$ cat query-v9.csv   # CSV, C-alpha atoms and all ligand atoms
chain,number,residue,atom,x,y,z
A,1,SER,CA,155.6,206.5,145.1
A,2,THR,CA,157.0,203.5,147.0
A,3,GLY,CA,155.8,200.2,148.4
A,4,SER,CA,157.0,197.9,151.1
A,5,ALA,CA,155.7,194.4,151.8
A,6,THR,CA,156.8,191.6,154.1
A,7,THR,CA,157.7,188.2,152.5
A,8,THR,CA,157.3,185.0,154.5
A,9,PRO,CA,158.8,181.5,154.1
A,10,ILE,CA,156.1,179.0,153.2
A,11,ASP,CA,157.7,176.3,155.4
A,12,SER,CA,160.5,175.6,157.9
A,13,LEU,CA,163.1,175.1,155.0
A,14,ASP,CA,162.5,178.4,153.1
A,15,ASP,CA,161.4,176.3,150.1
A,16,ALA,CA,159.7,179.5,148.8
A,17,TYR,CA,158.5,182.9,150.1
A,18,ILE,CA,155.0,184.4,149.8
A,19,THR,CA,154.1,188.1,149.8
A,20,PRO,CA,150.5,189.4,150.1
A,21,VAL,CA,149.2,191.2,147.1
A,22,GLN,CA,145.9,193.1,146.7
A,23,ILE,CA,144.0,192.5,143.5
A,24,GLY,CA,140.7,194.1,142.4
A,25,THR,CA,138.0,196.3,144.0
A,26,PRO,CA,137.2,195.5,146.8
A,27,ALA,CA,140.7,194.1,147.3
A,28,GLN,CA,141.2,190.3,147.1
A,29,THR,CA,144.4,189.5,148.9
A,30,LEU,CA,146.4,186.6,147.4
A,31,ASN,CA,149.8,185.3,148.6
A,32,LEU,CA,152.1,185.4,145.6
A,33,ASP,CA,155.6,184.0,145.0
A,34,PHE,CA,157.7,187.0,143.8
A,35,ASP,CA,159.9,185.6,141.1
A,36,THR,CA,162.8,187.6,139.6
A,37,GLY,CA,163.3,184.8,137.1
A,38,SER,CA,159.9,185.1,135.3
A,39,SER,CA,157.7,187.9,134.0
A,40,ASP,CA,154.0,186.8,134.4
A,41,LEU,CA,151.7,187.7,137.2
A,42,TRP,CA,149.3,184.8,137.4
A,43,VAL,CA,146.8,183.6,140.0
A,44,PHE,CA,144.6,180.8,141.0
A,45,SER,CA,141.2,181.9,140.1
A,46,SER,CA,137.5,181.1,139.8
A,47,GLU,CA,138.4,179.9,136.3
A,48,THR,CA,140.9,177.3,137.5
A,49,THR,CA,139.9,173.7,136.9
A,50,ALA,CA,138.2,172.7,140.1
A,51,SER,CA,140.1,169.4,140.5
A,52,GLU,CA,143.4,171.4,140.3
A,53,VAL,CA,142.6,173.7,143.3
A,54,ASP,CA,143.4,172.4,146.8
A,55,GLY,CA,143.4,175.1,149.5
A,56,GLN,CA,144.7,178.1,147.6
A,57,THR,CA,143.0,181.4,147.7
A,58,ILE,CA,141.4,182.3,144.4
A,59,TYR,CA,140.9,185.6,142.5
A,60,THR,CA,137.3,186.0,141.3
A,61,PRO,CA,137.3,188.7,138.6
A,62,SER,CA,133.5,188.8,138.5
A,63,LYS,CA,133.6,190.2,142.1
A,64,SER,CA,136.0,193.0,141.2
A,65,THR,CA,134.4,196.2,139.8
A,66,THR,CA,137.7,197.2,138.2
A,67,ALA,CA,138.4,193.9,136.4
A,68,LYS,CA,138.2,193.8,132.6
A,69,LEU,CA,138.7,190.9,130.4
A,70,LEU,CA,141.7,191.4,128.1
A,71,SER,CA,139.8,190.1,125.1
A,72,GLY,CA,141.6,187.4,123.1
A,73,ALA,CA,144.7,187.3,125.4
A,74,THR,CA,146.0,183.9,126.6
A,75,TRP,CA,149.1,182.8,128.4
A,76,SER,CA,151.1,179.6,129.0
A,77,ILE,CA,154.3,179.2,131.0
A,78,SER,CA,156.6,176.5,132.1
A,79,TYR,CA,159.2,176.8,134.8
A,80,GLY,CA,162.7,175.4,135.4
A,81,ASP,CA,161.3,172.6,137.6
A,82,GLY,CA,159.0,171.4,134.9
A,83,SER,CA,155.8,172.9,136.4
A,84,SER,CA,153.4,174.9,134.3
A,85,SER,CA,150.2,176.9,134.1
A,86,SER,CA,148.1,178.6,131.5
A,87,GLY,CA,144.8,180.6,131.1
A,88,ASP,CA,143.3,183.9,130.0
A,89,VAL,CA,143.9,187.5,131.1
A,90,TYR,CA,142.2,190.3,132.9
A,91,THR,CA,143.4,193.8,133.7
A,92,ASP,CA,142.8,195.0,137.2
A,93,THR,CA,144.2,197.2,140.0
A,94,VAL,CA,147.1,195.5,141.9
A,95,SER,CA,148.7,196.8,145.0
A,96,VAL,CA,151.9,195.6,146.8
A,97,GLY,CA,152.8,197.1,150.1
A,98,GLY,CA,150.9,200.3,149.5
A,99,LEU,CA,152.1,200.8,145.8
A,100,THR,CA,149.2,200.6,143.3
A,101,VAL,CA,149.2,199.9,139.6
A,102,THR,CA,146.0,200.3,137.6
A,103,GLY,CA,145.5,198.3,134.5
A,104,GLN,CA,147.9,195.5,135.5
A,105,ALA,CA,147.6,192.3,133.5
A,106,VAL,CA,146.4,189.6,135.9
A,107,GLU,CA,146.8,186.2,134.3
A,108,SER,CA,144.0,183.9,135.4
A,109,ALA,CA,144.9,180.2,135.5
A,110,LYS,CA,142.6,177.8,133.8
A,111,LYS,CA,145.1,175.0,134.3
A,112,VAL,CA,148.0,174.4,136.7
A,113,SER,CA,150.3,171.5,137.0
A,114,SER,CA,150.3,169.1,140.0
A,115,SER,CA,153.1,170.8,141.9
A,116,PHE,CA,151.0,174.0,142.1
A,117,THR,CA,147.8,172.1,143.1
A,118,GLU,CA,149.8,170.3,145.8
A,119,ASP,CA,151.2,173.5,147.4
A,120,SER,CA,148.3,175.1,149.3
A,121,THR,CA,150.4,178.1,150.3
A,122,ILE,CA,151.2,179.7,146.9
A,123,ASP,CA,148.2,181.4,145.2
A,124,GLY,CA,150.2,182.5,142.2
A,125,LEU,CA,153.4,184.1,141.0
A,126,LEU,CA,154.4,187.8,140.5
A,127,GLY,CA,157.1,187.9,137.9
A,128,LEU,CA,159.9,190.5,138.3
A,129,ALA,CA,162.2,189.6,135.4
A,130,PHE,CA,162.1,191.7,132.2
A,131,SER,CA,158.9,192.1,130.4
A,132,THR,CA,160.4,190.6,127.2
A,133,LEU,CA,159.8,187.2,128.9
A,134,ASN,CA,156.1,187.7,129.5
A,135,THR,CA,154.1,185.0,127.8
A,136,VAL,CA,150.8,186.7,127.1
A,137,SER,CA,149.7,186.4,123.4
A,138,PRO,CA,149.0,188.1,121.1
A,139,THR,CA,149.9,191.3,123.0
A,140,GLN,CA,152.8,190.8,125.4
A,141,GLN,CA,152.2,192.4,128.8
A,142,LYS,CA,154.3,194.4,131.3
A,143,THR,CA,155.4,193.2,134.8
A,144,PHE,CA,154.1,195.0,137.9
A,145,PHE,CA,157.5,196.6,138.3
A,146,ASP,CA,157.6,197.8,134.7
A,147,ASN,CA,154.2,199.3,135.1
A,148,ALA,CA,155.1,201.0,138.4
A,149,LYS,CA,158.5,202.2,137.4
A,150,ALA,CA,157.9,205.7,136.1
A,151,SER,CA,155.8,206.5,139.3
A,152,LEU,CA,158.4,205.2,141.7
A,153,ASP,CA,160.7,207.6,143.6
A,154,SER,CA,163.6,205.6,142.2
A,155,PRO,CA,163.3,202.9,139.5
A,156,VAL,CA,164.4,200.0,141.7
A,157,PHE,CA,163.1,197.2,143.9
A,158,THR,CA,165.0,195.4,146.6
A,159,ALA,CA,164.9,191.8,147.9
A,160,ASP,CA,165.8,191.2,151.6
A,161,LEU,CA,165.0,187.5,152.1
A,162,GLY,CA,165.3,186.0,155.6
A,163,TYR,CA,166.9,182.8,156.7
A,164,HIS,CA,164.1,180.8,158.4
A,165,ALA,CA,162.4,184.2,159.0
A,166,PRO,CA,160.4,186.9,157.2
A,167,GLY,CA,162.0,189.5,155.0
A,168,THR,CA,161.0,192.4,152.8
A,169,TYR,CA,160.4,193.5,149.2
A,170,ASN,CA,160.6,197.2,148.7
A,171,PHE,CA,159.7,199.2,145.6
A,172,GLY,CA,161.0,202.6,144.8
A,173,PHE,CA,163.6,203.2,147.5
A,174,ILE,CA,166.7,201.7,149.1
A,175,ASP,CA,166.3,201.2,152.9
A,176,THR,CA,169.8,202.2,154.1
A,177,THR,CA,169.1,200.7,157.5
A,178,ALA,CA,168.6,197.2,156.1
A,179,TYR,CA,172.2,196.3,155.3
A,180,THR,CA,175.8,196.7,156.6
A,181,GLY,CA,178.7,198.3,154.8
A,182,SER,CA,178.2,199.4,151.2
A,183,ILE,CA,176.2,198.1,148.3
A,184,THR,CA,178.4,196.8,145.4
A,185,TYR,CA,176.8,197.2,142.0
A,186,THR,CA,177.6,195.0,139.1
A,187,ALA,CA,176.6,195.0,135.4
A,188,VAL,CA,173.5,193.2,134.1
A,189,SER,CA,172.8,191.7,130.7
A,190,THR,CA,169.1,191.7,129.8
A,191,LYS,CA,169.7,189.7,126.6
A,192,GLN,CA,167.9,186.6,127.9
A,193,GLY,CA,165.3,188.6,129.8
A,194,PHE,CA,166.8,187.8,133.2
A,195,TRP,CA,168.8,189.7,135.9
A,196,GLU,CA,171.9,188.1,134.5
A,197,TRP,CA,175.3,189.1,136.0
A,198,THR,CA,178.8,187.8,136.4
A,199,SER,CA,180.2,186.8,139.8
A,200,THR,CA,183.9,187.3,140.3
A,201,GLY,CA,184.6,184.0,142.1
A,202,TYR,CA,184.1,181.9,145.2
A,203,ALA,CA,185.5,180.4,148.3
A,204,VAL,CA,184.6,177.3,150.4
A,205,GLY,CA,184.6,177.8,154.1
A,206,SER,CA,187.8,179.5,155.3
A,207,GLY,CA,189.6,178.5,152.0
A,208,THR,CA,191.3,180.9,149.6
A,209,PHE,CA,189.2,182.8,147.1
A,210,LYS,CA,189.2,181.5,143.6
A,211,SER,CA,188.9,184.3,141.0
A,212,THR,CA,186.8,183.1,138.2
A,213,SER,CA,183.9,184.5,136.2
A,214,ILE,CA,180.6,182.8,136.9
A,215,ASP,CA,177.7,184.1,134.8
A,216,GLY,CA,174.3,183.5,136.3
A,217,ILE,CA,170.9,185.0,137.2
A,218,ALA,CA,169.6,186.5,140.4
A,219,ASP,CA,166.4,184.5,140.8
A,220,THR,CA,164.2,184.9,143.9
A,221,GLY,CA,161.8,182.2,142.6
A,222,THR,CA,164.5,179.5,142.8
A,223,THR,CA,165.1,177.8,146.1
A,224,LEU,CA,168.7,176.7,145.7
A,225,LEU,CA,172.0,177.9,144.4
A,226,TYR,CA,173.0,176.2,141.1
A,227,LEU,CA,176.6,176.6,140.0
A,228,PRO,CA,179.0,174.8,137.7
A,229,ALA,CA,179.9,171.2,138.5
A,230,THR,CA,183.5,172.1,139.3
A,231,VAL,CA,182.5,174.7,141.9
A,232,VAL,CA,179.9,172.4,143.5
A,233,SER,CA,182.3,169.5,143.7
A,234,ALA,CA,184.8,171.7,145.4
A,235,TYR,CA,182.2,172.7,148.0
A,236,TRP,CA,180.9,169.2,148.8
A,237,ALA,CA,184.4,167.7,148.9
A,238,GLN,CA,184.7,169.6,152.2
A,239,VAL,CA,181.8,167.7,153.8
A,240,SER,CA,182.6,164.2,155.0
A,241,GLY,CA,180.3,161.6,153.4
A,242,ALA,CA,178.7,164.0,150.9
A,243,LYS,CA,177.9,162.6,147.5
A,244,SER,CA,176.0,163.2,144.4
A,245,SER,CA,173.0,160.9,144.3
A,246,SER,CA,171.4,160.3,140.9
A,247,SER,CA,168.4,158.6,142.7
A,248,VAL,CA,167.8,161.6,144.9
A,249,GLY,CA,168.6,164.1,142.2
A,250,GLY,CA,171.6,165.9,143.6
A,251,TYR,CA,174.2,166.2,146.3
A,252,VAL,CA,173.2,164.8,149.7
A,253,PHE,CA,175.2,164.8,152.9
A,254,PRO,CA,175.0,163.2,156.4
A,255,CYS,CA,172.6,165.1,158.6
A,256,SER,CA,175.3,164.9,161.3
A,257,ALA,CA,177.6,167.2,159.3
A,258,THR,CA,178.5,170.8,160.1
A,259,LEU,CA,178.4,172.5,156.7
A,260,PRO,CA,181.1,175.1,155.7
A,261,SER,CA,180.1,178.5,154.5
A,262,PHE,CA,180.2,179.4,150.8
A,263,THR,CA,181.4,182.9,149.6
A,264,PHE,CA,180.6,184.4,146.2
A,265,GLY,CA,182.2,187.5,144.7
A,266,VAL,CA,180.5,190.7,143.6
A,267,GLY,CA,183.1,192.8,142.0
A,268,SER,CA,185.8,193.1,144.7
A,269,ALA,CA,183.2,192.5,147.4
A,270,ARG,CA,182.2,189.2,149.0
A,271,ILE,CA,178.9,187.7,150.2
A,272,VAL,CA,179.2,184.9,152.7
A,273,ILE,CA,176.5,182.3,152.8
A,274,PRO,CA,176.6,180.6,156.3
A,275,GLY,CA,176.7,176.8,156.2
A,276,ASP,CA,173.3,176.5,157.9
A,277,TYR,CA,171.7,178.2,154.8
A,278,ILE,CA,172.9,175.2,152.7
A,279,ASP,CA,171.0,172.6,154.8
A,280,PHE,CA,167.6,171.6,153.2
A,281,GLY,CA,167.0,168.8,155.7
A,282,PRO,CA,166.2,165.1,155.5
A,283,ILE,CA,165.6,163.8,151.9
A,284,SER,CA,162.5,162.1,153.3
A,285,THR,CA,161.0,162.2,156.8
A,286,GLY,CA,163.2,160.5,159.3
A,287,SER,CA,166.2,160.0,157.0
A,288,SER,CA,169.7,160.8,158.1
A,289,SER,CA,170.6,161.9,154.6
A,290,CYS,CA,170.1,165.6,154.0
A,291,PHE,CA,169.6,167.5,150.8
A,292,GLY,CA,172.2,170.1,149.9
A,293,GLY,CA,171.5,173.7,149.1
A,294,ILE,CA,174.2,174.1,146.5
A,295,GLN,CA,173.7,171.9,143.4
A,296,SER,CA,175.1,171.6,139.9
A,297,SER,CA,173.7,173.7,137.1
A,298,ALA,CA,174.9,171.2,134.5
A,299,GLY,CA,172.0,170.4,132.3
A,300,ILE,CA,170.1,173.6,133.3
A,301,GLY,CA,172.0,175.7,130.8
A,302,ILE,CA,172.5,178.6,133.2
A,303,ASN,CA,173.8,179.2,136.7
A,304,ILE,CA,171.1,180.4,139.2
A,305,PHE,CA,171.8,182.5,142.3
A,306,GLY,CA,168.6,181.4,144.0
A,307,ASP,CA,167.3,182.0,147.5
A,308,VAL,CA,170.2,180.2,149.2
A,309,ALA,CA,172.5,183.0,147.8
A,310,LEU,CA,170.2,185.9,147.8
A,311,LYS,CA,169.0,185.5,151.4
A,312,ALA,CA,172.6,186.1,152.5
A,313,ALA,CA,172.5,189.6,151.0
A,314,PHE,CA,170.5,192.8,150.6
A,315,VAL,CA,169.9,192.8,146.8
A,316,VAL,CA,169.0,195.9,144.7
A,317,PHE,CA,167.3,195.3,141.3
A,318,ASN,CA,168.1,198.6,139.6
A,319,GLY,CA,165.7,199.1,136.7
A,320,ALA,CA,167.3,202.3,135.4
A,321,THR,CA,167.8,202.8,131.7
A,322,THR,CA,170.9,200.6,132.0
A,323,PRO,CA,169.9,198.0,134.6
A,324,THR,CA,172.3,196.9,137.3
A,325,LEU,CA,172.3,194.7,140.4
A,326,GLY,CA,173.6,195.6,143.8
A,327,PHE,CA,174.6,193.4,146.7
A,328,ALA,CA,175.3,194.2,150.3
A,329,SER,CA,176.0,192.1,153.4
A,330,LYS,CA,173.5,192.4,156.2
B,1,LIG,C1,166.2,175.1,136.8
B,1,LIG,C2,165.5,174.9,138.1
B,1,LIG,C3,164.7,175.8,138.8
B,1,LIG,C4,164.6,177.2,138.5
B,1,LIG,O1,164.0,178.0,139.2
B,1,LIG,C5,164.2,175.1,139.9
B,1,LIG,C6,163.3,175.7,141.0
B,1,LIG,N1,163.7,175.8,142.3
B,1,LIG,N2,162.6,176.2,143.0
B,1,LIG,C7,161.6,176.4,142.1
B,1,LIG,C8,160.3,176.9,142.2
B,1,LIG,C9,159.4,177.3,143.2
B,1,LIG,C10,159.8,177.4,144.7
B,1,LIG,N3,159.5,176.2,145.4
B,1,LIG,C11,160.4,175.3,145.6
B,1,LIG,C12,160.0,174.2,146.4
B,1,LIG,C13,160.7,173.1,147.0
B,1,LIG,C14,162.2,172.9,146.8
B,1,LIG,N4,159.9,172.4,147.7
B,1,LIG,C15,160.2,171.1,148.4
B,1,LIG,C16,158.6,173.0,147.7
B,1,LIG,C17,157.5,172.4,148.5
B,1,LIG,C18,158.7,174.1,146.9
B,1,LIG,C19,157.8,175.2,146.5
B,1,LIG,CL1,156.1,175.1,146.9
B,1,LIG,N5,158.2,176.2,145.8
B,1,LIG,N6,158.2,177.6,142.7
B,1,LIG,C20,157.0,178.0,143.4
B,1,LIG,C21,158.2,177.3,141.3
B,1,LIG,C22,157.1,177.6,140.4
B,1,LIG,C23,159.5,176.9,141.0
B,1,LIG,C24,160.1,176.5,139.7
B,1,LIG,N7,161.3,176.1,139.7
B,1,LIG,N8,162.0,176.1,140.8
B,1,LIG,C25,164.6,173.7,139.8
B,1,LIG,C26,164.3,172.6,140.7
B,1,LIG,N9,165.4,173.6,138.7
B,1,LIG,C27,166.0,172.4,138.3
$ encode --input "query-v9.csv" --output "structure tokens"
Amino acid sequence: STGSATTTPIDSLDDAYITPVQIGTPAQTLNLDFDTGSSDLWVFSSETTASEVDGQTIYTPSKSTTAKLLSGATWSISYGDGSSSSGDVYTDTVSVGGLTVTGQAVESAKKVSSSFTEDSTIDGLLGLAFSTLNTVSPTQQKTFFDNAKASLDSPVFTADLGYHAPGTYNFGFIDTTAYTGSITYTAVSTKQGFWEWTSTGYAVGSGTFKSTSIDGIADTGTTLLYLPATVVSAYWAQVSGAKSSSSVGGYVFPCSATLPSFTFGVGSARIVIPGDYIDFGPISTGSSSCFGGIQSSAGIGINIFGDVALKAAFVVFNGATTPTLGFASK
């Protein structure tokens, strides 16, 4: 089996991407944030505290003939931005792009934090990290990918995120028409439950490539690229007037600037992020200060190759017995 679904930016900045997912019988279609940095499939639901729902589409398990309460199971998660959600669990049929899993754990939110309520466009998350991070208690549950894997033609999924445009998540096959050149594969550590790998270095604009090992995670759920402070300082030093603002929460730059590209290494290969991809627009409406797309990971504890980096590539999440990651230009 295979599946293929289009993923669409939620706004003009690519702050996140949503992918339609069919849950239950008859299908209830919810738009979920596919997140390779977490491992819970959770949804706004008929059980979500009413004051915490504001425009999202909800899953109603009582209207699904295939929904079953997973008795006694609860979940609770916090994310890297400080947001959180929690609730109980059903099993139901879940389909993505024509690929169907029966008995998938669908985590129904009873509570969500304010950032979720305030974003009408995201109806939940679909985690694609390793199932060891799944928060369901007392019986940990498997991700959609983990459940589908043995049925897939090949035990892989791919992320092809667009810059200010839709893109694609594929399951079970590698679309050889979706990238240029060859895919470079690189080793993954699953020790922390993430798609964790080591970049071989970086360049700023047309500058020389600096060979240096940068350990980080491929995280489709994260908007920005978070790298060591040394690397990030070297990037922003090439932008006149750029500075790190503690009041804003990171590097900002004059909206009149032309941003340089940023290159990261994958083995002996190179992925080039165009400067435009690093522009996240005015810090507040009408401001001439713009928020940067490359930020320091200091204080996070891990480097994060988020959407800014991943959207510059065709990315293979290879879930074979020894997982690996592949990157191609496109
Ligand atoms: C350590 C870490 C992160 C790790 O991942 C992280 C981050 N970065 N984007 C996202 C997240 C997103 C994606 N996302 C980002 C958004 C931004 C920048 N804006 C303005 C809006 C309206 C957004 C929405 Cl709705 N969605 N979502 C949905 C969740 C649950 C996230 C959690 N963390 N997150 C931050 C800010 N930090 C410090």
$ residues_near_ligand --input "query-v9.csv" --ligand "ligand LIG 1 (chain B)" --cutoff "9 Å" --atoms "all atoms listed in the file" --output "PyMOL selection string"
chain A and resi 10-11+13-17+33+35+37+78-84+115-116+118-122+124-125+219-226+280+297+299-304+306-307
$ closest_residue --input "query-v9.csv" --among "A:199, A:99, A:19, A:50" --to "residue 144 of chain A" --atoms "all atoms listed in the file"
A:99
$ atom_distance --input "query-v9.csv" --atom1 "atom CA of residue 105 of chain A" --atom2 "atom CA of residue 148 of chain A"
12.5 Å
$ closest_residue --input "query-v9.csv" --among "A:227, A:182, A:288, A:319" --to "residue 147 of chain A" --atoms "all atoms listed in the file"
A:319
$ atom_distance --input "query-v9.csv" --atom1 "atom CA of residue 92 of chain A" --atom2 "atom CA of residue 195 of chain A"
26.6 Å
$ closest_residue --input "query-v9.csv" --among "A:86, A:141, A:71, A:39" --to "residue 113 of chain A" --atoms "all atoms listed in the file"
A:86
$ atom_distance --input "query-v9.csv" --atom1 "atom CA of residue 52 of chain A" --atom2 "atom CA of residue 75 of chain A"
17.4 Å
$ decode --input "query-v9.csv" --residues "segment 226-249 of chain A" --atoms "N, CA, C and O atoms" --output "PDB file, in the first residue's frame"
ATOM      1  N   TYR A 226      16.744  26.120  14.002  1.00  0.00           N
ATOM      2  CA  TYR A 226      17.417  26.443  15.259  1.00  0.00           C
ATOM      3  C   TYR A 226      18.783  25.771  15.278  1.00  0.00           C
ATOM      4  O   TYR A 226      18.875  24.534  15.249  1.00  0.00           O
ATOM      5  N   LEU A 227      19.838  26.572  15.339  1.00  0.00           N
ATOM      6  CA  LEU A 227      21.211  26.098  15.221  1.00  0.00           C
ATOM      7  C   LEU A 227      22.074  26.724  16.304  1.00  0.00           C
ATOM      8  O   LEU A 227      21.654  27.666  16.985  1.00  0.00           O
ATOM      9  N   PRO A 228      23.295  26.224  16.502  1.00  0.00           N
ATOM     10  CA  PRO A 228      24.138  26.791  17.563  1.00  0.00           C
ATOM     11  C   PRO A 228      24.370  28.283  17.382  1.00  0.00           C
ATOM     12  O   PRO A 228      24.410  28.803  16.267  1.00  0.00           O
ATOM     13  N   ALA A 229      24.567  28.966  18.508  1.00  0.00           N
ATOM     14  CA  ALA A 229      24.675  30.419  18.501  1.00  0.00           C
ATOM     15  C   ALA A 229      25.811  30.904  17.620  1.00  0.00           C
ATOM     16  O   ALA A 229      25.715  31.983  17.031  1.00  0.00           O
ATOM     17  N   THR A 230      26.908  30.146  17.551  1.00  0.00           N
ATOM     18  CA  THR A 230      28.031  30.519  16.694  1.00  0.00           C
ATOM     19  C   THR A 230      27.603  30.596  15.233  1.00  0.00           C
ATOM     20  O   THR A 230      27.930  31.554  14.520  1.00  0.00           O
ATOM     21  N   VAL A 231      26.891  29.567  14.771  1.00  0.00           N
ATOM     22  CA  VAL A 231      26.432  29.480  13.382  1.00  0.00           C
ATOM     23  C   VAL A 231      25.457  30.609  13.076  1.00  0.00           C
ATOM     24  O   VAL A 231      25.529  31.265  12.030  1.00  0.00           O
ATOM     25  N   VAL A 232      24.517  30.835  13.990  1.00  0.00           N
ATOM     26  CA  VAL A 232      23.467  31.817  13.782  1.00  0.00           C
ATOM     27  C   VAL A 232      24.051  33.226  13.771  1.00  0.00           C
ATOM     28  O   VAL A 232      23.643  34.075  12.969  1.00  0.00           O
ATOM     29  N   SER A 233      25.031  33.494  14.647  1.00  0.00           N
ATOM     30  CA  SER A 233      25.702  34.788  14.642  1.00  0.00           C
ATOM     31  C   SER A 233      26.428  35.022  13.325  1.00  0.00           C
ATOM     32  O   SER A 233      26.385  36.127  12.761  1.00  0.00           O
ATOM     33  N   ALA A 234      27.096  33.985  12.808  1.00  0.00           N
ATOM     34  CA  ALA A 234      27.786  34.115  11.525  1.00  0.00           C
ATOM     35  C   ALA A 234      26.821  34.436  10.391  1.00  0.00           C
ATOM     36  O   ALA A 234      27.162  35.187   9.475  1.00  0.00           O
ATOM     37  N   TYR A 235      25.617  33.862  10.420  1.00  0.00           N
ATOM     38  CA  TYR A 235      24.614  34.172   9.403  1.00  0.00           C
ATOM     39  C   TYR A 235      24.173  35.633   9.498  1.00  0.00           C
ATOM     40  O   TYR A 235      24.264  36.397   8.523  1.00  0.00           O
ATOM     41  N   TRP A 236      23.712  36.057  10.675  1.00  0.00           N
ATOM     42  CA  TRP A 236      23.103  37.375  10.786  1.00  0.00           C
ATOM     43  C   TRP A 236      24.124  38.499  10.679  1.00  0.00           C
ATOM     44  O   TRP A 236      23.753  39.632  10.340  1.00  0.00           O
ATOM     45  N   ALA A 237      25.403  38.215  10.932  1.00  0.00           N
ATOM     46  CA  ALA A 237      26.446  39.205  10.713  1.00  0.00           C
ATOM     47  C   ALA A 237      26.535  39.627   9.258  1.00  0.00           C
ATOM     48  O   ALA A 237      27.124  40.668   8.965  1.00  0.00           O
ATOM     49  N   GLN A 238      25.994  38.838   8.335  1.00  0.00           N
ATOM     50  CA  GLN A 238      25.998  39.200   6.926  1.00  0.00           C
ATOM     51  C   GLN A 238      24.778  40.015   6.514  1.00  0.00           C
ATOM     52  O   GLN A 238      24.617  40.297   5.323  1.00  0.00           O
ATOM     53  N   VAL A 239      23.948  40.437   7.464  1.00  0.00           N
ATOM     54  CA  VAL A 239      22.741  41.211   7.182  1.00  0.00           C
ATOM     55  C   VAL A 239      22.877  42.543   7.918  1.00  0.00           C
ATOM     56  O   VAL A 239      22.840  42.581   9.149  1.00  0.00           O
ATOM     57  N   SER A 240      22.991  43.644   7.174  1.00  0.00           N
ATOM     58  CA  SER A 240      23.171  44.952   7.800  1.00  0.00           C
ATOM     59  C   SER A 240      21.994  45.281   8.700  1.00  0.00           C
ATOM     60  O   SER A 240      20.836  45.191   8.288  1.00  0.00           O
ATOM     61  N   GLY A 241      22.291  45.658   9.935  1.00  0.00           N
ATOM     62  CA  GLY A 241      21.272  46.058  10.872  1.00  0.00           C
ATOM     63  C   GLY A 241      20.603  44.923  11.618  1.00  0.00           C
ATOM     64  O   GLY A 241      19.760  45.183  12.481  1.00  0.00           O
ATOM     65  N   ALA A 242      20.943  43.670  11.327  1.00  0.00           N
ATOM     66  CA  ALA A 242      20.357  42.565  12.063  1.00  0.00           C
ATOM     67  C   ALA A 242      20.906  42.541  13.483  1.00  0.00           C
ATOM     68  O   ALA A 242      22.069  42.875  13.734  1.00  0.00           O
ATOM     69  N   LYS A 243      20.066  42.106  14.416  1.00  0.00           N
ATOM     70  CA  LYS A 243      20.469  42.037  15.812  1.00  0.00           C
ATOM     71  C   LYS A 243      19.598  41.026  16.536  1.00  0.00           C
ATOM     72  O   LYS A 243      18.475  40.736  16.123  1.00  0.00           O
ATOM     73  N   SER A 244      20.121  40.509  17.640  1.00  0.00           N
ATOM     74  CA  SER A 244      19.339  39.653  18.514  1.00  0.00           C
ATOM     75  C   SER A 244      18.614  40.537  19.516  1.00  0.00           C
ATOM     76  O   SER A 244      19.245  41.312  20.241  1.00  0.00           O
ATOM     77  N   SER A 245      17.300  40.411  19.554  1.00  0.00           N
ATOM     78  CA  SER A 245      16.440  41.226  20.396  1.00  0.00           C
ATOM     79  C   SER A 245      15.873  40.353  21.509  1.00  0.00           C
ATOM     80  O   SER A 245      15.083  39.440  21.253  1.00  0.00           O
ATOM     81  N   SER A 246      16.259  40.638  22.750  1.00  0.00           N
ATOM     82  CA  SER A 246      15.675  39.878  23.845  1.00  0.00           C
ATOM     83  C   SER A 246      14.199  40.214  24.016  1.00  0.00           C
ATOM     84  O   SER A 246      13.409  39.347  24.400  1.00  0.00           O
ATOM     85  N   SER A 247      13.793  41.443  23.691  1.00  0.00           N
ATOM     86  CA  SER A 247      12.386  41.805  23.836  1.00  0.00           C
ATOM     87  C   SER A 247      11.520  41.090  22.807  1.00  0.00           C
ATOM     88  O   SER A 247      10.395  40.681  23.110  1.00  0.00           O
ATOM     89  N   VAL A 248      12.027  40.909  21.591  1.00  0.00           N
ATOM     90  CA  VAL A 248      11.238  40.213  20.582  1.00  0.00           C
ATOM     91  C   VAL A 248      11.366  38.698  20.732  1.00  0.00           C
ATOM     92  O   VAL A 248      10.415  37.962  20.447  1.00  0.00           O
ATOM     93  N   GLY A 249      12.510  38.207  21.191  1.00  0.00           N
ATOM     94  CA  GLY A 249      12.727  36.792  21.352  1.00  0.00           C
ATOM     95  C   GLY A 249      13.586  36.147  20.288  1.00  0.00           C
ATOM     96  O   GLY A 249      13.464  34.936  20.067  1.00  0.00           O
TER      97      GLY A 249
END
